[PDB]
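Read through the structure below, which is laid out as structure tokens, and then see the notes.
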There are 2 protein chains.
Amino acid sequence: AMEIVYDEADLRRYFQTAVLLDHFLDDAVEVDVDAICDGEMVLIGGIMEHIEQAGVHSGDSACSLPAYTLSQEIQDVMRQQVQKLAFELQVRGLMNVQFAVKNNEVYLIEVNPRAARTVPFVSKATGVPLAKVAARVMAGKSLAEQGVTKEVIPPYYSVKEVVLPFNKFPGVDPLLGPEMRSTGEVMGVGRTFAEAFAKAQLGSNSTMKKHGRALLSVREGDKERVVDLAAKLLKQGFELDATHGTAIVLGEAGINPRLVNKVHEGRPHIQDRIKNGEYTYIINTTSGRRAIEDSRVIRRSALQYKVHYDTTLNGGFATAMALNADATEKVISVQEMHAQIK
Amino acid sequence: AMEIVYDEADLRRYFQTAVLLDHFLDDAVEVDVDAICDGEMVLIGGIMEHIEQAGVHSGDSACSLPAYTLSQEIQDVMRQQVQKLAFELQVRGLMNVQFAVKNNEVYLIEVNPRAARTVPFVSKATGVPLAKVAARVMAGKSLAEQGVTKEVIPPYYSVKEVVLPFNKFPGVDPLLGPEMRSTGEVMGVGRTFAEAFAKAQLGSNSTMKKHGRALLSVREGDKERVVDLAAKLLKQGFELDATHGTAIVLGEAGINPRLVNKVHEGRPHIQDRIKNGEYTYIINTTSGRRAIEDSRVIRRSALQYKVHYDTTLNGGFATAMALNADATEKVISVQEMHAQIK
Ligand SMILES: Nc1ncnc2c1ncn2[C@@H]1O[C@H](COP(=O)(O)OP(=O)(O)O)[C@@H](O)[C@H]1O
Ligand SMILES: Nc1ncnc2c1ncn2[C@@H]1O[C@H](COP(=O)(O)OP(=O)(O)O)[C@@H](O)[C@H]1O
Ligand SMILES: NCCC[C@H](N)C(=O)O
Ligand SMILES: NCCC[C@H](N)C(=O)O
Ligand SMILES: [Cl-]
Ligand SMILES: [Cl-]
Ligand SMILES: [K+]
Ligand SMILES: [K+]
Ligand SMILES: [K+]
Ligand SMILES: [K+]
Ligand SMILES: [Mn+2]
Ligand SMILES: [Mn+2]
């Protein structure tokens, strides 16, 4: 069990219902790095950039390989850092390192000196049987001996999306967090990140549509970025609805969504609309034990009515990008994929 | 002093701060009727339909002569009632009768058996020197004897608008009500009501513009009619701003105004907006001691910053109509006006 606490009051509050204390790196990009070390050298197996930010369990985040936003300069650091760790820890086989990038700054989240659940995905993306190799390394056959020394960077985009069990436990708030709840994952391959994500998204059983009306109800910290997303949704032909505070901000930017009522506000309210299959998309971000408990109805309704929803703005952006792609336009075999690698 | 109470709780409330009790005729048209009685006949001097509903003092209302929305059928009833009254009360010279029309039904508000302040405006509009005629009647010369026996209905519209002293007492809520606060009045002459109104309004020192951004903030009981008004302003080329509840209503009608925060809501709020010259027009209707006192800010700011504002929906419609006219287009002299009378 892990929880994110925002203020002093919040602290106690936890403590009640309730030890390591760690500063929470807000508005940070989470990254996964799987590599192999034989004591001589380090092979970077893969650098994966999570769509959802730090604060949403890596196991429940979608991810990209290669990274789709991160600078080469920054990857390189992470790359260097790993290597440092790999030798220091005396890693012999597979390892995994999780970072957080905030303000062009690389922070260390943790190091797992073993095979991580990311391995298979990378293996598939890169064509390198990381598990086998590392195995061979563990048994005494160096990377140099294996002829696996250079890090592979694929020509295409490899996106991993997860599947959540919420529909099996309705009394639960289908909301992301620091604790992992997913049971499985899917993989999307595309020429473009937008194409890969669209494949992964569909693959994950999403009910996202390429039209209709979107509901936007984001948290403060997001109110500022929501604008561009609304704009993207608007470019696509979506009609917008928005709750008070978010409508305010949109409006202030030249965007007038249709104002909707919260549940305790009037009628109809969001639940009603959701229920009536008024939406095709819902973006809903929240921050705070209270804010969360209070928005619980949106999410529960959304899940129940099968409306694709995102609980992260990062995730909303990706959903948006993918509207530009066509998941059924082109198919490629794993064999072909791997053949494309130089 | 006079006040309008809405519910039991409201009654006590008043009582505290605080007797003739009268049912208030909501959503009713107020009408003024000036006439002369010589004991033999009754001369209808004029039938003036106010713009502002009953509840807003006749002295503080703009008015039209002739009526601009009242059926001939209904007027005729009021004309017959005035007659009945004239003879019954024994009037000899001037009289004024006040009615309220609600649901096609004529209701009597009061009878002033003397010269009313509307007498000069009616004389002007009609070319008939009512005070001079009623004076002769009082002195002994009948209507028949002076050859003033038929009611005059001018070929043009005559609108009267008032001037209020709120700008002299800033600590005062510049809102209309059952008590008269106006100091003076102006007259507008036009080929149509819209033209007469425009001239009256301009005449009144209104800072109304034909473009810009309007702010709509209406009461429940008005949220239905507001839509049409919102549309009218839209047709004109105005951009709309509105508060929550209003925005909700407009939204459901397909009109998506730019959301604006009430003062307690956040930022920016109307006060800020008004202060920063964003609006060129304001429509704010309010009902209830509490509702009123809360909305006080809008009105005060509107007056301080010199934005034209209407505190009645009926007023807003009239303002709307006059946007279609040009009060500088054509001028006419009183001698000319009177010469057009047949
Ligand atoms: N300091 C932190 N700042 C932001 N997010 C963090 C922080 N520590 C952990 N997280 C988030 O919580 C997740 C779980 O943390 P982690 O220590 O790796 O847990 P686990 O033991 O389950 O592997 C991360 O994948 C990340 O999204
Ligand atoms: N029963 C009523 N229903 C609606 N409006 C009314 C009613 N009684 C009075 N009013 C409003 O109050 C104003 C003043 O009432 P009135 O009896 O004429 O007082 P005063 O002697 O000052 O003229 C009217 O011009 C009208 O706007
Ligand atoms: N990979 C996380 C699941 C995505 C889900 N639509 C959410 O945003 O909650
Ligand atoms: N006829 C009364 C003055 C009108 C003023 N603009 C108001 O609506 O309050
Ligand atoms: Cl359950
Ligand atoms: Cl004052
Ligand atoms: K993450
Ligand atoms: K761990
Ligand atoms: K009136
Ligand atoms: K009176
Ligand atoms: Mn972890
Ligand atoms: Mn009166």
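Lettering and numbering for the structure tokens are positional, with chains as A, B, ... in the shown order, residues counted from 1 in each chain, and ligands counted from 1 in the shown order.
Taking only C-alpha atoms and all ligand atoms into account, ligand 6 has within 10 Å the residues residues 166, 167, 168, 169, 170, 171, 172 and 173 of chain B.
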Print the selection's residues with N, CA and C atoms to a file, as an mmCIF file, in the first residue's frame.
data_model
loop_
_atom_site.group_PDB
_atom_site.id
_atom_site.type_symbol
_atom_site.label_atom_id
_atom_site.label_comp_id
_atom_site.auth_asym_id
_atom_site.auth_seq_id
_atom_site.Cartn_x
_atom_site.Cartn_y
_atom_site.Cartn_z
ATOM 1 N N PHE B 166 -28.767 57.468 -9.865
ATOM 2 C CA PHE B 166 -27.812 56.588 -9.222
ATOM 3 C C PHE B 166 -26.352 57.035 -9.247
ATOM 4 N N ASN B 167 -25.927 57.643 -10.369
ATOM 5 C CA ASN B 167 -24.548 58.122 -10.494
ATOM 6 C C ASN B 167 -24.206 59.205 -9.489
ATOM 7 N N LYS B 168 -25.215 59.702 -8.783
ATOM 8 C CA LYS B 168 -24.996 60.728 -7.781
ATOM 9 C C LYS B 168 -24.765 60.126 -6.399
ATOM 10 N N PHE B 169 -25.195 58.845 -6.236
ATOM 11 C CA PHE B 169 -25.132 58.082 -4.995
ATOM 12 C C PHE B 169 -24.662 56.674 -5.258
ATOM 13 N N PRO B 170 -23.369 56.556 -5.468
ATOM 14 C CA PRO B 170 -22.689 55.303 -5.733
ATOM 15 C C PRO B 170 -22.965 54.212 -4.703
ATOM 16 N N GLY B 171 -23.124 54.572 -3.443
ATOM 17 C CA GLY B 171 -23.401 53.563 -2.441
ATOM 18 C C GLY B 171 -24.767 52.919 -2.617
ATOM 19 N N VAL B 172 -25.440 53.310 -3.688
ATOM 20 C CA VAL B 172 -26.773 52.792 -3.948
ATOM 21 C C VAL B 172 -26.876 51.710 -5.031
ATOM 22 N N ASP B 173 -27.703 50.694 -4.802
ATOM 23 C CA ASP B 173 -27.848 49.665 -5.819
ATOM 24 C C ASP B 173 -28.667 50.265 -6.974
#
- prompt: Using only C-alpha atoms, which chain B residues lie at most 10 Å away from chain A, written as an MDAnalysis selection string?
  reply: chainID B and resid 241 243:252 254:261 265:269
message: Would you pick out the contacts of residue 38 of chain A at 12 Å or less, using only C-alpha atoms, so that residues sharing its chain but fewer than 6 positions from it are not included, and give the list as number ranges by chain?
response: A: 44, 83, 86-87, 89-95, 133-146, 148-149
message: When DSSP is applied to the backbone of this structure, which of segment 190-334 of chain B are assigned helix (DSSP H, G or I)? Write them out as a PyMOL selection string.
response: chain B and resi 193-203+220-222+226-236+244-252+270-275+289-304+313-322+334
- request: Could you tell me how far atom CA of residue 192 of chain B lies from atom CA of residue 342 of chain B, in Å and to one decimal?
  value: 18.1 Å
- request: Grab me every residue within 10 Å of ligand 1, counting only C-alpha atoms and all ligand atoms, and send it over as a ChimeraX atom specification.
  value: /A:1-4,21-32,50,52-61,97-102,107-112,116,176-180
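One distance worth recording is that between atom 19 (O, counted along the ligand's line) of ligand 2 and atom CA of residue 34 of chain B, which is 15.7 Å.
Every protein or nucleic acid residue with an atom no more than 9 Å from residue 306 of chain A, counting only C-alpha atoms and leaving out same-chain residues fewer than 5 positions away, appears here: residues 206, 207, 277, 280 and 301 of chain A.
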What would the file look like if the residues just selected were written as a PDB file, in the first residue's frame with N, CA, C and O atoms?
ATOM      1  N   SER A 206     -10.475  -0.753 -26.214  1.00  0.00           N
ATOM      2  CA  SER A 206     -11.037   0.580 -26.040  1.00  0.00           C
ATOM      3  C   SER A 206     -12.279   0.854 -26.882  1.00  0.00           C
ATOM      4  O   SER A 206     -12.424   0.433 -28.022  1.00  0.00           O
ATOM      5  N   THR A 207     -13.195   1.614 -26.282  1.00  0.00           N
ATOM      6  CA  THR A 207     -14.417   2.006 -26.945  1.00  0.00           C
ATOM      7  C   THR A 207     -14.308   3.428 -27.497  1.00  0.00           C
ATOM      8  O   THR A 207     -15.302   4.053 -27.799  1.00  0.00           O
ATOM      9  N   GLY A 277     -25.747   7.970 -22.895  1.00  0.00           N
ATOM     10  CA  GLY A 277     -24.881   7.765 -24.024  1.00  0.00           C
ATOM     11  C   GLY A 277     -24.755   9.068 -24.774  1.00  0.00           C
ATOM     12  O   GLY A 277     -24.910   9.150 -25.999  1.00  0.00           O
ATOM     13  N   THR A 280     -18.813  10.084 -26.056  1.00  0.00           N
ATOM     14  CA  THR A 280     -18.038   9.108 -26.772  1.00  0.00           C
ATOM     15  C   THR A 280     -16.641   9.141 -26.213  1.00  0.00           C
ATOM     16  O   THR A 280     -15.834   8.242 -26.432  1.00  0.00           O
ATOM     17  N   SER A 301     -19.383   5.784 -13.827  1.00  0.00           N
ATOM     18  CA  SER A 301     -20.415   5.825 -14.842  1.00  0.00           C
ATOM     19  C   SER A 301     -19.870   5.516 -16.200  1.00  0.00           C
ATOM     20  O   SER A 301     -20.518   4.852 -17.005  1.00  0.00           O
TER      21      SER A 301
END
task: All residues within 6 Å of ligand 4 are required, counting only C-alpha atoms and all ligand atoms; please report them as a ChimeraX atom specification.
output: /B:60-62,161-162,175-176,309-312,315
message: Restricting the calculation to only C-alpha atoms and all ligand atoms: of B:335, B:81, B:204, B:314, which residue gets closest to ligand 9?
response: B:314
field: Members of segment 218-313 of chain A assigned strand (DSSP E or B) by DSSP, as a PyMOL selection string
entry: chain A and resi 239-243+258-261+269+281-284+308-310
- prompt: Quick one: residues within 12 Å of residue 330 of chain A, only C-alpha atoms counted, chain neighbours fewer than 2 positions away excluded, as a PyMOL selection string?
  reply: chain A and resi 188-192+195-196+198-199+325-328+332-333
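Taking only C-alpha atoms, the non-local environment of residue 313 of chain B within 10 Å (same-chain residues fewer than 6 positions away omitted) comprises residues 51, 52, 53, 218, 219, 222, 223, 225, 226, 229, 283, 284, 285 and 319 of chain B.
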Could you write those residues out with N, CA, C and O atoms, as a PDB file, in the first residue's frame?
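Saved file result-v2.pdb follows:
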ATOM      1  N   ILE B  51     -42.445  49.624 -20.976  1.00  0.00           N
ATOM      2  CA  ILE B  51     -41.529  48.610 -21.400  1.00  0.00           C
ATOM      3  C   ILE B  51     -41.326  47.693 -20.196  1.00  0.00           C
ATOM      4  O   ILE B  51     -41.494  46.472 -20.249  1.00  0.00           O
ATOM      5  N   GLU B  52     -40.966  48.291 -19.071  1.00  0.00           N
ATOM      6  CA  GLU B  52     -40.754  47.511 -17.841  1.00  0.00           C
ATOM      7  C   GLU B  52     -42.078  46.983 -17.263  1.00  0.00           C
ATOM      8  O   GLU B  52     -43.143  47.622 -17.285  1.00  0.00           O
ATOM      9  N   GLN B  53     -42.044  45.749 -16.787  1.00  0.00           N
ATOM     10  CA  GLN B  53     -43.234  45.116 -16.262  1.00  0.00           C
ATOM     11  C   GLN B  53     -43.784  45.794 -15.018  1.00  0.00           C
ATOM     12  O   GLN B  53     -43.165  46.670 -14.442  1.00  0.00           O
ATOM     13  N   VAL B 218     -29.148  36.301 -15.860  1.00  0.00           N
ATOM     14  CA  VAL B 218     -30.558  36.362 -15.542  1.00  0.00           C
ATOM     15  C   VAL B 218     -31.113  35.391 -14.504  1.00  0.00           C
ATOM     16  O   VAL B 218     -30.539  34.392 -14.121  1.00  0.00           O
ATOM     17  N   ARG B 219     -32.299  35.702 -14.032  1.00  0.00           N
ATOM     18  CA  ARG B 219     -32.957  34.880 -13.050  1.00  0.00           C
ATOM     19  C   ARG B 219     -33.766  33.804 -13.714  1.00  0.00           C
ATOM     20  O   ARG B 219     -34.182  33.926 -14.856  1.00  0.00           O
ATOM     21  N   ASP B 222     -36.486  33.939 -15.945  1.00  0.00           N
ATOM     22  CA  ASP B 222     -36.151  34.602 -17.212  1.00  0.00           C
ATOM     23  C   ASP B 222     -35.306  33.788 -18.177  1.00  0.00           C
ATOM     24  O   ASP B 222     -35.087  34.137 -19.343  1.00  0.00           O
ATOM     25  N   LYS B 223     -34.739  32.725 -17.636  1.00  0.00           N
ATOM     26  CA  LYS B 223     -33.848  31.857 -18.375  1.00  0.00           C
ATOM     27  C   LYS B 223     -34.445  31.270 -19.641  1.00  0.00           C
ATOM     28  O   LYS B 223     -33.762  30.788 -20.532  1.00  0.00           O
ATOM     29  N   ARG B 225     -36.677  33.058 -21.750  1.00  0.00           N
ATOM     30  CA  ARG B 225     -36.754  34.099 -22.741  1.00  0.00           C
ATOM     31  C   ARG B 225     -35.383  34.592 -23.157  1.00  0.00           C
ATOM     32  O   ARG B 225     -35.173  35.166 -24.211  1.00  0.00           O
ATOM     33  N   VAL B 226     -34.430  34.379 -22.283  1.00  0.00           N
ATOM     34  CA  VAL B 226     -33.081  34.828 -22.488  1.00  0.00           C
ATOM     35  C   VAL B 226     -32.433  34.309 -23.737  1.00  0.00           C
ATOM     36  O   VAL B 226     -31.634  34.973 -24.392  1.00  0.00           O
ATOM     37  N   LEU B 229     -33.027  36.268 -26.586  1.00  0.00           N
ATOM     38  CA  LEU B 229     -32.355  37.524 -26.489  1.00  0.00           C
ATOM     39  C   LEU B 229     -30.935  37.302 -26.832  1.00  0.00           C
ATOM     40  O   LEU B 229     -30.328  38.115 -27.524  1.00  0.00           O
ATOM     41  N   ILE B 283     -26.944  42.520 -19.340  1.00  0.00           N
ATOM     42  CA  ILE B 283     -28.300  42.222 -19.060  1.00  0.00           C
ATOM     43  C   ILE B 283     -28.259  41.400 -17.780  1.00  0.00           C
ATOM     44  O   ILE B 283     -27.635  40.364 -17.666  1.00  0.00           O
ATOM     45  N   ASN B 284     -28.860  41.937 -16.753  1.00  0.00           N
ATOM     46  CA  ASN B 284     -28.858  41.305 -15.457  1.00  0.00           C
ATOM     47  C   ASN B 284     -30.215  41.443 -14.819  1.00  0.00           C
ATOM     48  O   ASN B 284     -30.639  42.547 -14.484  1.00  0.00           O
ATOM     49  N   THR B 285     -30.880  40.314 -14.666  1.00  0.00           N
ATOM     50  CA  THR B 285     -32.168  40.291 -14.037  1.00  0.00           C
ATOM     51  C   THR B 285     -32.040  39.492 -12.752  1.00  0.00           C
ATOM     52  O   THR B 285     -31.310  38.505 -12.685  1.00  0.00           O
ATOM     53  N   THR B 319     -33.905  47.176 -26.059  1.00  0.00           N
ATOM     54  CA  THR B 319     -32.565  47.608 -26.424  1.00  0.00           C
ATOM     55  C   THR B 319     -32.173  46.867 -27.677  1.00  0.00           C
ATOM     56  O   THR B 319     -31.606  47.418 -28.609  1.00  0.00           O
TER      57      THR B 319
END
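Between residue 337 of chain B and the residues B:35, B:234, B:200, B:125, the shortest atom-to-atom distance, using only C-alpha atoms, involves B:125.
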statement: If you count only C-alpha atoms, the residue of B:212, B:316, B:288, B:184 closest to residue 228 of chain B turns out to be B:316
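Interatomic distance, atom CA of residue 275 of chain A to atom CA of residue 208 of chain A: 16.3 Å.
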